[PDB]
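# Structural characterization, general
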Number of protein chains: 2
Amino acid sequence: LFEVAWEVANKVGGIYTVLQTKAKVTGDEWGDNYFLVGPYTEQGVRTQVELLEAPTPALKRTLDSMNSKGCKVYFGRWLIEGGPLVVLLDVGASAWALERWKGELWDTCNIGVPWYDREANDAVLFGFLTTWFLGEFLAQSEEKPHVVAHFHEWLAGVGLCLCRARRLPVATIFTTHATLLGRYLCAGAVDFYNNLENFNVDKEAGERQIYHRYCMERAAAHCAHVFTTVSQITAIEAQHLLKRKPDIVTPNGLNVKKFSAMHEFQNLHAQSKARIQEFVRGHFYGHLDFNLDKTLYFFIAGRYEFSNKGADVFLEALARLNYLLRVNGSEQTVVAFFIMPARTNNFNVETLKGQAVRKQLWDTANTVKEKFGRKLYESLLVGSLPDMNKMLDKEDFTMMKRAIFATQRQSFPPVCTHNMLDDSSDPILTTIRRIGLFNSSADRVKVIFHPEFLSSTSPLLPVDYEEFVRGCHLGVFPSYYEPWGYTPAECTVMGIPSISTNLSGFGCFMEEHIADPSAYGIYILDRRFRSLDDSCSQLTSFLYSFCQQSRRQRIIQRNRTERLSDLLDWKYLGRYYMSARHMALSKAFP
Amino acid sequence: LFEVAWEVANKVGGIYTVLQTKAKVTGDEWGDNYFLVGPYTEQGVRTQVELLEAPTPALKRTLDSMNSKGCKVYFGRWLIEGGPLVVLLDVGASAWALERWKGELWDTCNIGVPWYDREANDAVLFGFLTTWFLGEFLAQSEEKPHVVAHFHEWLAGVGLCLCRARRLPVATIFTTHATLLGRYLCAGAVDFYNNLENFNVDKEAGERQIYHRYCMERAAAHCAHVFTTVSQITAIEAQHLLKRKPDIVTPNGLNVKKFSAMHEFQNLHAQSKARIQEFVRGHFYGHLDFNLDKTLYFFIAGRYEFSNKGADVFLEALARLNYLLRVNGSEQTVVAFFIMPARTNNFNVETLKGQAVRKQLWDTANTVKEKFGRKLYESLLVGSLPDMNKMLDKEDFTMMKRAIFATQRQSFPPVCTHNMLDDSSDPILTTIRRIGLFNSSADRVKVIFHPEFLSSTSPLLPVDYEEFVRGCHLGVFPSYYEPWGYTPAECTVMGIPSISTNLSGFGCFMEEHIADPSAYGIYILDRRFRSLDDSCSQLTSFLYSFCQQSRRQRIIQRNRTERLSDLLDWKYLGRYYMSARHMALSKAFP
Ligand SMILES: O=c1ccn([C@@H]2O[C@H](COP(=O)(O)OP(=O)(O)O)[C@@H](O)[C@H]2O)c(=O)[nH]1
Ligand SMILES: O=c1ccn([C@@H]2O[C@H](COP(=O)(O)OP(=O)(O)O)[C@@H](O)[C@H]2O)c(=O)[nH]1
Ligand SMILES: O=P(O)(O)OC[C@@H]1O[C@@H](O)[C@H](O)[C@H](O)[C@H]1O
Ligand SMILES: O=P(O)(O)OC[C@@H]1O[C@@H](O)[C@H](O)[C@H](O)[C@H]1O
Ligand SMILES: OC[C@H]1O[C@H](O)[C@H](O)[C@@H](O)[C@@H]1O
Ligand SMILES: OC[C@H]1O[C@H](O)[C@H](O)[C@@H](O)[C@@H]1O
C-alpha cells in the first residue's frame, strides 16, 4: 500500500489529520507492507519524524539502489506507533532538472504547472520523485507482489498520469477530499448549490486559474482504476463536474481516544475550561464585571475562509444573540473565540500585559495567602480560634490596594490577541467593528480573535487545539461550502455539541444516521433551502436555545453528543477503504 | 411537633442520623413549630449546638416561666439550617430528687429503672424533664394549639406513660427503631427467625435483663395513640412480641446530596480512594509488593456487634476469597477495613511509624524532585535537551539509598491500627489470627481493623466516615439481625455497591421495590433460608464475582447503584411520617 500525499510531515488541517488517524488501523489490520510518501519542508518536520538514513529491511533495496544517485529519500516512523513506515522525499534537493520533467509531462499528458505558483510545481516535482521511487522498488522487488497505490488530492495527482504513461502494473486508487474548483467558485459570490449541471468548467477554469489543476485532476479521475470521494454530497459534484462517478463513498473517520470511564471527557472539559477561564481573567483584567459561572465559550476554528467556513453568519448571530441577551436582562455571558490563522507580526502589548497583570494579582494574593496561612498556623498551634482581624496588618492591605490600583483599566479589552499587519482589510475585524462588538461592559458577548493555530508551547493559551476544544461549550461551524468537516467531527468525538450544516459532509452524514437530530447536540442548520438572513435567524435561535438551558441540561447534552463517537470511528468507517482496495485489486489483477 | 429522643447532640449511629436527615424536610414543610428535645452530655455537644440561653421568641414563655426554677433548658440551632429549634435538657443539673420521681413512677405505672445501669436512669430523668417542659409550655400557651408529641426508642419512652397519667391533650406517636429484646436474644446463640410466636417474653426478660425496659416499651406502645416501626420486618416482630401492630410502616430515609453533575460522586470516589491509597502505602511500607491499581477496598462499619452486624461470616468469606485468589494466580488484591469501635488506649507504634516513613519517603522524593526540576530548568533555559545522567550526583543517590534502607521492614504490617487493651478477648482479632490472615506477602487479602469511628481530624486517616465510604469499592454488611440498616443505605446513596441481607430492613425494602436485584449493585444475601456455611459460601461467591469484573464494569455498577438514591430520599419516604401525624391528629382531636 502506498498512501502518497502532500500533508504527511507538514501540519495542514486537511489530509494530515485523516492520514494520521487512519494509519493506526490501516497498519494494524494489514501489517508492515504499508508505505507512506510525502514531501520534505525545512519547517521542523524532522522533529516529529524519526528519519532512518541507514539501510533498513522491509524494502531495503531502494536505499542502496537509488538513494546514492542524485536523489534524497528517508524512512521514518512519525512518533506514532501505528507502524507508519513513511518514505519522506526532499523537494529542494532534486530541482535542477525541472525542464526535462516539463518536457516529459508535455510528451505524456500535455500537462504541467506554470511558474506563477510554486506550490503546484513542488507538488509535481514530488510526484515525479514518488513515481521514480515506486518504479525503482518494483524493479528491485522483481514484481513479486502487486502493490496498491493510493493518491490524495491534486497535490499528489500527477502520479496517476505518470504511472499510466509507464504502464506500471499497480492498482490505482484516487480519493479527492475537496474539488478545489467548487471551493473557488463558492468564494466567487455566485450560487453553487441551486444548480450544478449549468456550470461550464473550461470557461470558469483560468479566470480564477485552476485550469491545469482541473485538467490533471480529471485526467487522474479518468485514468485511476478506482475513484473515491469523502461524502455522498462530494460524489454529487464529482460526477456532475469531473464526469467520473466515484466507485464508492468513503466517509472520513477519527481515532477516538477511549477512556476507562465514560465521564472522563467531562473532567477533561472541566480542566480545559478552567484554563480558558484563566486566559479570560487575564484578557479581561479590570473588567471582570460579569459572572464567570454564567460564561459559555463558543468557537469557530479551521482555515481562514470567511464565506466558506461560515464566519460572517456566526458574527451576525453573535450580534443578534448579544442584543437578545441585553434586552432580556440576562446574567449569562458568551465568550466567542475565532481560531482562524491570519499572518501577524507578534502579539499586541495589551494581551500579554493582561496575562502579566492577572498573574501578578495571582502572586500578590499568593503572598497574602502564605502570610495568612502562617498566622493561622500559629493560632491553631496555640489553640485559639482566629478572630480574623489581628492577622492582616497595614502593609499587606497597602500592597493589595496598590495591586488593585495597578490593574485599573480604562480602555476596553482587545478583540485580537495578536498584532495583525493588515487590520483595515481583515474581514473578521471589519465585521466585528461594523456590528459594534468591542468587549464592552454592556456587551453580553465578548469576541476573541486568535489569528493562529493553538499550541501547547505558546506564551499565552498554553493549550493545544484538542484541549481547548474540550474546554469550550459549543462549536459553531455554519460552513457554506466544505466537503466533509473535521472540526465538528472531533467536537462530537470529544463530547462538545456542534452546529453543522446540511451543506456539509458531516451534517449530511449525521442527518440520515440518526432519527431526529439536534436531540444529540448536532444542531443541523439548513443553508440550502433558506436565504442568508433566514440562516442567520436560525443560527441565532440555536444559540439562544443553547444559552437558555441550565448546567444539568448542558451536561446531559454533552453526554448525548459524546455517545455518537462510534459513528465516526475508523473501525466502523474503515470498511469503505477496504472495499476500495478490493475493487482496485479486482480491476487490476486478481 | 416534638421529636423527643436521646440522640440529638451526642453522636450515636442510630437515632442521630435519622433525626439529622429528617429535620430539614420536616422543618421546611411545616415551619418554625418544630421542636426537638434531647439530653446534655459533657462530651462536646455544645460545640455543634448554638445554645440560646437568652430569651427568644417562638415559645419565649418557658424561658422566663420555668428555667429559673431549679431546672436547666437551652435552645439551639445544631449548625444545620433545617430550622431545628432544639430544646436541650441537662441531665446532671436536676438529679437531686430521683427518689420522688421513682415514687411518682410507682404511683403512675409501677415502672422505673434499677440502679444497676445509669443509662436508663438518665433516660428516665430526661423523660421527666421533657414532660415538665411540655406541660409548662401547654400551661403558658393557654392550650391554643394541639401539638403532636413523637417519641423514639425506649430512651425516651417514659414520656408516653408520664403524659398519659397527667392526661395532657396531645397526639402521641411512638416509633421504635429496634426491639432491643430481639437484639439481645439474637446475640444469645439461639435461633430467632425460624419462630417468633413460641417466645415467652416474661421468662426471657430478666435473665438477660430488659424487664423494666420491655414493660415500659410495651406500655408506651399500648398507650400511644399512633405506634410505628422502621421496616415491614420490624412490624412483624412488633405485632408478634409487643402485641401492638404498628399503624403504618415508616421506612428510614436520607438527605441525598445532589450535585450539578451526575458523575461527581465518581470524582469524590476517586479522591477518597487516593487518600485511602496514601494510608495503605503508609501502613504497608517495605511490603508494597502488590499492584495498587488491582486493589479493592471492602469495609464493614457500624457498632461493634460480632454476630449481629455479620463480621464472622465476612471474615470467613475473606479467608475463602483469599484462598481462591491465591490458587487462581490472580494479581488482584483486596484490602478489607473493619470500622468497629472497641475501647483502645492509643495507636500502636507500627502504624504511626508507617505513616511517618511513608511521608519521609515523600519528603525525600520531593527533595530529589526540586533538585531535578532546577537542573532541568537550567537545561531548558540553556536550550539543550537533558541527557538524564549529568543531573543526579552521588549525594542524592546516597540519600535515596539511605531512605530505601531505612524503610526496610521484616515484621508484617499490623492488623489493628490502635493499641487495644484486650487482645486475647477481642472476637475480630481472635478470628483473624485463627483464619491465618496477617497481611503477609503471599496473602491476597489484607485486613485492617480500625477500632474507632473515622474523623476528619485524626492523626492518621484524616477522612470522615462519608468520604472514606465514598473511597471504598464495596460495602459488605451481612448483618444477621438489625431492623433497617443505615450503612448500606448511604453506601447506595453515595454510589458504592453493597451486600445486604434478606433479614435486613434495607434488603427487604430493596427486595420488592426493584425487579431482579444484584443487577444494581445490591447483592442481597439470603440468611433466612440458608445455613451459616451456605451463607458464607454465597458471600464468598459474591465477593469473587465482584473481584472478577474489570474497571469499566465497576464504574457501570456504581452508576447503577447510585441511580437508586431516589428510593431512599426523604421526599419519597417522608410521606409515611405525614400519614402518621394525620392519624395522630384524627385520633386525638380533629
Ligand atoms: O487551531 C486549530 C484549528 C484547526 N485545526 C485542525 O484543522 C482541521 C480542520 O479541518 P476541516 O476539515 O474542518 O477544514 P480544513 O481546515 O481542512 O479546510 C481540524 O482537523 C483541526 O484538527 C488545528 O489543528 N488547530
Ligand atoms: O465510622 C463510622 C461508622 C458508622 N457510622 C454511622 O453509624 C451508622 C450505622 O447505623 P446502622 O443503622 O447501620 O447500625 P447501628 O450502628 O445504628 O446499630 C451510620 O449511619 C453511620 O453514619 C459513623 O458515623 N462512623
Ligand atoms: O461548563 P458547564 O457547562 O457549566 O459544565 C460544568 C462542568 O461540566 C463537566 O466538566 C463536569 O461535569 C464538571 O463537574 C462540571 O462542573
Ligand atoms: O477504583 P476503580 O473501581 O478502579 O474506579 C476507577 C475510578 O472510578 C471513578 O472514581 C472515576 O471514574 C475515576 O476516573 C476512575 O479512575
Ligand atoms: O473533506 C475532507 C476535508 O479535507 C479537505 O482537504 C478540506 O480541506 C476539508 O474542508 C474537508 O472537510
Ligand atoms: O432501624 C433504624 C436503625 O437504628 C436503630 O436504632 C438500630 O441501631 C439500627 O440497627 C437500625 O437499623
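The rules behind the values
Residues numbered from 1 in each chain as written, not as in the entry; some residues may be left out. Chains lettered and ligands numbered in written order. Part of a larger assembly, values for the part shown. Heavy atoms only, no water. Helix = DSSP H or I, 4+ residues; strand = E, 2+ residues; numbered from the N terminus. Contact = heavy atoms within 4.5 Å. Pairing = 2+ DSSP bridges. Near = heavy atom within 4 Å. Polar contact = N/O pair within 3.5 Å; in protein donor to acceptor, adjacent residues only side chain to side chain. Areas by Shrake-Rupley, 256 points an atom, 1.4 Å probe, with all protein chains shown as cover. Nonpolar A, V, L, I, M, F, W, Y, C, P; charged D, E, K, R; others polar. Expected span 1.5 Å × (residues − 1). Buried < 20%, exposed > 50% of the residue type's maximum accessible area, 1.4 Å probe, protein only. Axes fitted to C-alpha atoms, helices over the stretch in contact; angles between N-to-C directions. Parallel < 35°, antiparallel > 145°, perpendicular 65-115°, else oblique. Left-handed = near helix turned anticlockwise from the far one by under 90°. Least-squares fit on C-alpha atoms. Buried area = accessible area lost by both parts, 1.4 Å probe. Salt bridge = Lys/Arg side-chain N within 4 Å of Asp/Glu carboxyl O.

cryo-EM is the method the PDB entry states for this structure, with the resolution given as 3.0 Å.

It is worth spelling out the overall build of chain A at this point. Scanning chain A for helices and strands turns up 20 helices and 15 strands. Projecting the C-alpha coordinates of chain A onto the three principal axes gives extents of approximately 90 × 55 × 45 Å. Here the contacts in chain A between residues at least 6 apart in sequence split such that 72% fall between residues at least 24 apart.

Before going further, it helps to examine the sheet that holds strand β4 (residues 85–89) of chain B. Residue and element names in this part refer to chain B. On the basis of which strands lie adjacent, the open sheet formed by eight strands has the order β3-β4-β2-β1-β5-β6-β7-β8 and mixed pairing. Where the open sheet ends on each side, the last strands, each with one partner, are β3 (73–76) and β8 (248–249). Direction of pairing for strand β2 (residues 35–38) relative to β4: parallel, over a ladder of four bridges. The partner of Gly38 across the bridge, within β4, is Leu88.

For the rest of this paragraph, the subject is the site of ligand 1. Residues and elements named next belong to chain A. Surrounding ligand 1, one finds 17 residues, the nearest of these being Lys11, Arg303, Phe453, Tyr465 and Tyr486. Contact distances for ligand 1 include 3.2 Å between an oxygen atom and a side-chain N or O atom of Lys11. Note that an oxygen atom of ligand 1 is positioned 3.0 Å from one of the side-chain N or O atoms of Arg303. Alone, ligand 1 offers 530 Å² of accessible surface; in the complex the protein occludes 90% of this. Of the residues assigned to the shell around ligand 1, the class counts are six nonpolar, six polar and five charged.

Before going further, it helps to examine unusual backbone geometry. Even without a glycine there, the phi angle at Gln209(A) is positive, about 70 degrees. On the secondary structure map, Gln209(A) appears in the loop between α6 (201–204) and α7 (212–223).

Before going further, it helps to spend a moment on helix α9 (residues 264–283) of chain B. An ideal rise of 1.5 Å per residue puts 28 Å on 20 residues; α9(B) measures up with 29 Å between its terminal C-alpha atoms. Listed as buried for α9(B) are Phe265(B), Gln266(B), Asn267(B), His269(B), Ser272(B), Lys273(B), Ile276(B), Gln277(B), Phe279(B), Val280(B), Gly282(B) and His283(B).

A separate point is the packing of helix α11 (residues 349–382) of chain B against helix α12 (residues 394–406) of chain B. Residue and element names in this part refer to chain B. Direction vectors running N to C along α11 and α12 enclose 165 degrees, while the axes themselves pass 10 Å from each other. With respect to each other, α11 and α12 are oriented roughly antiparallel. Relative to α12, the crossing made by α11 is left-handed. Facing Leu361, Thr364, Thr367, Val368 and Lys371 of α11, the residues of α12 in contact are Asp396, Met399, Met400 and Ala403.

All right, on to the relation of the copies chain A and chain B then. At an RMSD of 0.0 Å, chain A and chain B line up after a rotation of 180 degrees and a shift of 0.1 Å along the axis. A rotation of that kind, with that shift, is consistent with a two-fold axis. For chain A, the smallest separation between a C-alpha atom and the rotation axis is recorded for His263(A), amounting to 3.4 Å. Interface residue correspondence from chain A to chain B reaches 100%, placing this contact among same-surface, isologous pairings.

Bringing the site of ligand 3 into the picture now. The environment of ligand 3 is formed by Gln266(A), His269(A), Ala270(A), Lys273(A), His473(A), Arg551(A), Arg554(A), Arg558(A), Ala261(B), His263(B) and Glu264(B). In this structure ligand 3 sits where residues from chains A and B come together. Contact between ligand 3 and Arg551(A): an oxygen atom at 2.7 Å from a side-chain N or O atom of the residue. In the model, an oxygen atom of ligand 3 is placed 2.7 Å from a nitrogen or oxygen of the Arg558(A) side chain. Out of a free accessible area of 390 Å², ligand 3 has 90% covered by protein chains. Elements with a contribution of two residues or more to the shell around ligand 3: α9 (264–283) and α18 (551–562) of chain A. With four residues, the single largest contributor to the shell around ligand 3 is α9(A). Classifying every residue of the shell around ligand 3 by side-chain character gives two nonpolar, four polar and five charged.

Let's shift gears to the interface of chain A and chain B. Counting residues at the interface gives 13 residues for chain A and 13 residues for chain B. At the boundary of chain A with chain B, total buried surface from both sides reaches about 1000 Å², with 60% on carbon and sulfur atoms. At the junction of chain A and chain B, the tally comes to zero salt bridges. Scanning the region where chain A abuts chain B turns up one residue pair in polar contact. Counting residues per element, the ones that place at least two in the side of chain A that touches chain B are α9 and α18 of chain A. The greatest single-element share of the side of chain A that touches chain B, amounting to five residues, is contributed by α18(A).

Residue and element names in this part refer to chain B. One can find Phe174 in strand β6 (residues 171–176). Judged by relative accessible area, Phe174 falls into the buried class, the value being 0%. Taking the C-alpha atoms as reference, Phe174 lies 4.7 Å from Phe151; in sequence the two are 23 residues apart.

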